[PDB]
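J.: An experimental structure, sequence included, is below.
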Amino acid sequence: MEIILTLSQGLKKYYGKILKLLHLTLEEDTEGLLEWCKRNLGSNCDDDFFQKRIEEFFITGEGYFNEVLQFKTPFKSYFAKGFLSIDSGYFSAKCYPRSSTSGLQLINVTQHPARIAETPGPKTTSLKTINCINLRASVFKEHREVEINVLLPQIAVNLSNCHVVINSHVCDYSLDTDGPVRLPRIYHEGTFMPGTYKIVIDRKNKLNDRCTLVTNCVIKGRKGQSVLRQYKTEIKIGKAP
Amino acid sequence: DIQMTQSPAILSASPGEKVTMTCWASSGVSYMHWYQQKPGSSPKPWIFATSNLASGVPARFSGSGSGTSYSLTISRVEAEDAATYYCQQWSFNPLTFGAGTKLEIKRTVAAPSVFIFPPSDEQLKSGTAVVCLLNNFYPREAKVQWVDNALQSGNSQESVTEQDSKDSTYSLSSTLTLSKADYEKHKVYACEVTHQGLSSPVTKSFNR
Amino acid sequence: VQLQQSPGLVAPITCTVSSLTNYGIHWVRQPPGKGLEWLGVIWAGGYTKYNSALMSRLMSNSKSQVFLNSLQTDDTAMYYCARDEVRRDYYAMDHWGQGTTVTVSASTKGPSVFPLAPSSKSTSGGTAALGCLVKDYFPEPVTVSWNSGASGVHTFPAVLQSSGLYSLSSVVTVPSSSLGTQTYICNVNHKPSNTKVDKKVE
Ligand SMILES: *[C@@H]1O[C@H](CO)[C@@H](O[C@@H]2O[C@H](CO)[C@@H](O)[C@H](O)[C@H]2NC(C)=O)[C@H](O)[C@H]1NC(C)=O
Ligand SMILES: *[C@@H]1O[C@H](CO)[C@@H](O[C@@H]2O[C@H](CO)[C@@H](O)[C@H](O)[C@H]2NC(C)=O)[C@H](O)[C@H]1NC(C)=O
C-alpha cells in the first residue's frame, strides 16, 4: 500500500516534477517524493519549493550547485558549472544554468501580442522556401542534417511523425512526441521562454523520413500598412526521392 | 503487513560445508539485506543490498536472489558463524523483519565434564538454600537427575549456555533450591548425568 | 566510532551517539523470543514517521543526543538504537548500540552474590571449576566479569523463579595449585539497584 523511494528513484521523480513545471512533459510520477524529500533533503517539497529552485537555477544563478539544484557560494557534492542532466527515466534534458547573457536571450510573453492578420498561403511548401519573417532554414548536405532555427518561439511549430533534437540557450533535449514542440517556461514574476531555438533533424537516419512540420509562416504586409501576416504551411522533410 | 518468511528456521552443518538459507516476501521487493546476530549481544549488519558484504565480513559469505526470494550462502562453515540471521526489506514504509535463522555447528560428540558445588555458608545462613555443572559438551541433549538415592520432581531448575563461539560446545547448570532444614535432613547429595557421550551414566556426589 | 545507549521499569529513553545533524536515527525492539518490531525514524531535519500499529501514541540533537505512552506488557523488549547510511540502497543500519532491556510490570530486588567454591577432579592437571551464584534479582539483567577482564567464562541465562525473581550462575575453568596464587574475584553489576558486588571465591 506504501512505497519507499531510493536515492536514484527519488532524484528521478524530483527531475520529473521539475520537468513538468518546465512544461516539457505532460506526465510526471510523484509518489514517495514527499518522504524522499523529508528523508534526504530535509525540507517540504511543495510547488513553492520547486518554483523557487527553478527561479534560482535559471535566474539569480550565483556560484556552485549540487545535483538537487540548490546553490551555495548524500548531496554535499557541489560542482562548478556548465550543465545539468535532468533525467526522470522517461525523459532526459540537458539544462544550462544562467550566464551573464541569459537575460536578453529571454523574451517575456506573459501577455502575448495580438493575433496577426491572416493571409492565404500555400500548404504545399518545400524546405528551400525561406521567405518567412519567423523562420530560418539551414541544410548541411555534408553531414546530411537539417537544422530549423526559429526566431519566434511563441508561434508554435507542431511536428508530425518526426524525431528531432531541439537546441537552445536554456535547455537542449530530444523529441519524438507528435504534436506541438514543447519549450521550457520559467516562472519568475511572470513566464519566461527562450528567444530562439534550433531544431536539428538527422536526414541520414531512417527515423525522419515521413517527418512533416506544420507551422504558421509570417510574411510582411497601405493606409497604415505595417500589417503582419500569417499563413499555414506543411513543410516536409521526406527524403523519399 | 508485508510478512517476510525465512527458511529453514533451524539448520546445522558440519564445518567447511556449503550452506544456503532463503528469505521469502509476501510481495516483491527491490533488494534484500541480512543482519547477523549472535546470541546475547547486539545485532551486526552482515550483507546489504542483496549481495554486498559489510566491511570485515569474510568472502566465504555471499547473498543472491531477486523478486520475492533471496538467499544467503556460506562456502565454508566456520565455528564463529553459529548465530541467527535476519532479513528486513525496503519499499514497505511499515518496515518489517523476518523471524531469523539459527545456525548451529554440528561438531563431534563431546562428553561433559561434571562438577558439583555445595551451597556457600552465606547461602546456608540465609533463609533459603546445590549446583551441578556440565561443561563443554556436545550435543545439546543431556539428562541431569538429582538425594540419599532418591530424587524429587518439583524444583530442579535447568539453564543451558548457547553454543560456544570457538569450540561449539554447550554447558548446563542445574540448581536445586528451596530446602532450608531440608538440606540438613539428608547427608549425601549427588547428580546423575546421562548423555550419549558417556559409556555409563556418570554420578557426582559429596558428603555433608 | 560506536553508539552507546543508557535499563528500566515502566507502568501500564536516551540513545547517546558519537552527527545528529547528518543522520536519521531508528528504533528497534526485540520482544522476548528473538522477534523484532520496527518503530520509527527521526531524520536530520526533524520530520517523523511512525508505524501505524503504535496508534500515534509515541519521539523528538545539539550535543549528539537522541531521545525516545499507555504502555502494555507486550512492549517488554530489548531496545536498539540504529542509524541509516544513505546511498543507492537505503536503511543499512550498520552501527547498533547494545540495547536496553525494558520489563513492563512494582517490584525491585538487588541480587545476592554467593561463591561457588572449587575442588573437583583433576584430569591430567589443569582442571578446576569456580563460580558465583547470582540470585534474587527481579529487575532487568545482571552482568558478570572475572578479575576485571583478566576465556573459559560461561554465563548462564537467568531463570524466572516461582517467586517472580531471577537467578543465574557463571563459571570458569582454571588449574588449581595456581588458583590459590593469582586469586579470584567475580565482578557483578545490577544497574536497576545500583548494586556492584565483587566476591572472592574460596
Ligand atoms: C512581462 O510584461 C508585463 C507587461 O504588461 C510586465 O508587467 C506585469 O504585468 C502583470 C499583469 O498585469 C503584473 O501582475 C506584474 O506585476 C507586472 N510587472 C511589473 C509591474 O513589474 C511584467 O513585469 C513582465 N514580466 C516580468 C517578469 O517583468
Ligand atoms: C498546433 O497544435 C495546437 C494545439 O491543438 C493548435 O492550437 C489550436 O488551434 C485552434 C485553431 O485556432 C484552436 O481552436 C485551439 O483552441 C488550439 N488549441 C488549444 C489547446 O487551444 C495549433 O493550431 C497547431 N498548429 C497549427 C499550425 O495548426
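T.: Received the coordinates, thanks. Numbering: from 1, shown residues only, chains lettered A, B, ... in the order given. Ligands and ions are numbered 1, 2, ... in the order given.
J.: Only C-alpha atoms from now on, for both contacts and neighbour counts.
T.: OK.
J.: ok, for the residue in chain C that ligand 2 sits nearest to, nearest residue in space, not its chain neighbours?
T.: Proximity of chain C to ligand 2 (CA to the nearest ligand atom) peaks at residue C:88, 40.7 Å away. Once flanking residues are discounted, residue C:88 sits nearest to residue A:7: 5.4 Å by CA to CA, 6 or more residues apart in numbering or on different chains.
J.: what about the one you found, how many residues close to it?
T.: When neighbours are defined as other CA atoms under 10 Å in any protein chain shown, residue A:7 has 16 of them.
J.: and if you look at residue B:12?
T.: 15.
J.: Beta-bridge partners for it, please?
T.: residue B:104 (DSSP bridges).
J.: Nearest residue to the middle of chain B?
T.: By CA atoms, centre = their mean, the mean C-alpha position of chain B lies nearest to residue B:162, the distance being 3.3 Å.
J.: For that one, grab phi and psi.
T.: Taking degrees, to the nearest 10, you get phi -70, psi 160 for the backbone angles of residue B:162.
J.: where's residue C:46 relative to chain B, distance?
T.: 18 Å (CA to the nearest CA, to the nearest Å).
J.: where's that residue, which helix or strand?
T.: If you go by DSSP states H and E, residue C:46 is not part of any helix or strand.
J.: For it, the count of nearby residues, please.
T.: For residue C:46, using other CA under 10 Å, the count is 17.
J.: ok, now which ones touch the nearest residue to it once chain neighbours are set aside?
T.: Nearest residue to residue C:46 in three dimensions, chain neighbours excluded: residue C:60, at 7.3 Å (CA to CA, 6+ apart). Residue C:60 makes contacts with C:42, C:46, C:66, C:67, C:68, as judged by CA atoms under 8 Å, 6 or more residues apart in numbering or on different chains.
J.: For these, work out which two are farthest apart.
T.: C:46 and C:68 (13.2 Å; CA to CA).
J.: before we move on, the earlier item: so the residue of chain C closest to ligand 2 lies in a strand, does it not?
T.: No: counting by DSSP: H, G, I helix; E, B strand; the rest coil, one finds residue C:88 to be coil, located in no strand.
J.: So chain A: which segments form each domain?
T.: Per the record, chain A has its domains at A:7-98, A:124-236, by automatic domain parsing.
J.: Ok, which of those domains comes nearest residue B:191?
T.: domain A:7-98 (60.4 Å).
J.: Report whether that closest one contacts ligand 2.
T.: No: Domain A:7-98 does not reach ligand 2 (CA under 6 Å from any ligand atom); its nearest approach is 13.0 Å.
J.: Tell me how far the residue of chain B found nearest ligand 2 lies from residue C:94.
T.: The nearest approach of chain B to ligand 2 comes at residue B:91, 39.1 Å away (CA to the nearest ligand atom). Separation of residue B:91 from residue C:94 (CA to CA, to the nearest Å): 19 Å.
J.: And residue B:90, by the same measure?
T.: In terms of CA to CA, residue B:90 sits 15 Å off from residue C:94.
J.: The two: which has the busier surroundings?
T.: residue B:90 (22 against 18).
J.: The residue of chain B closest to ligand 2 contacts residue A:9, doesn't it?
T.: No: between residue B:91 and residue A:9 there is no contact under CA atoms under 8 Å: 11.5 Å.
J.: quick one, which of these two is more surrounded?
T.: More crowded of residue B:91 and residue A:9, by other CA under 10 Å: residue B:91, with 20 against 17.
J.: which ones are touching the residue of chain B closest to ligand 2?
T.: Here residue B:91 is in contact with A:2, A:3, A:4, A:5, B:29, B:30 (CA under 8 Å, 6+ apart).
J.: Tell me if stretch C:20-27 is near chain B.
T.: No: on the criterion CA under 8 Å from any CA of the partner chain, stretch C:20-27 is out of touch with chain B, staying 11.1 Å away.
J.: C-alpha coordinates for that stretch, CSV please?
T.: Below are the C-alpha coordinates for stretch C:20-27, written out as CSV (Å, rounded to 0.1, in the frame of the first residue of the first chain):
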residue,chain,number,x,y,z
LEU,C,20,22.6,14.1,14.6
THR,C,21,22.7,16.9,12.0
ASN,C,22,23.5,14.4,9.2
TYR,C,23,21.9,11.1,10.1
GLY,C,24,18.5,9.6,10.6
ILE,C,25,18.1,7.5,13.8
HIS,C,26,15.9,4.5,14.1
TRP,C,27,14.3,2.4,16.8
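J.: Those residues of chain C touching chain A, which are they?
T.: C:24, C:43, C:44, C:45, C:46, C:47, C:86, C:87, C:88, C:89, C:90.
J.: what's the burial count for the residue lying closest to the residue nearest to the centre of chain B once chain neighbours are set aside?
T.: Of all residues not flanking residue B:162 in the chain, residue B:170 sits nearest, at 6.2 Å (CA to CA, 6+ apart). By the criterion of other CA under 10 Å, residue B:170 has 22 neighbours.
J.: Residue B:170 and ligand 1, how far apart?
T.: 79 Å (CA to the nearest ligand atom, to the nearest Å).
J.: what does residue B:133 give?
T.: Taking CA to the nearest ligand atom, one finds residue B:133 at 87 Å from ligand 1.
J.: what does chain A put close to chain B?
T.: Residues of chain A lying near chain B (CA under 8 Å from any CA): A:2, A:3, A:4, A:5.
J.: Can you tell me which of these has the most neighbours?
T.: These, ranked by neighbours (other CA under 10 Å): first place residue A:5, 24 neighbours.
J.: Contacts only, for that residue.
T.: A:32, A:33, A:36, B:91.
J.: packing partners for the helix or strand hosting the third one?
T.: Pointing back at residue A:36 there. Using DSSP H and E, residue A:36 sits within helix A:33-36. Counting contacts by 3 or more CA pairs under 8 Å, 6 or more residues apart in numbering or on different chains; DSSP states H and E, helix A:33-36 packs against helix A:7-21.
J.: Okay, helices next: where are they in the chain?
T.: In the absence of a named chain, chain A is used. A:7-21, A:33-36, A:47-58, A:102-105 (DSSP state H).
J.: if you could check chain C rather than the one you did, that'd help
T.: With DSSP H as the criterion, chain C has helices spanning C:179-182.
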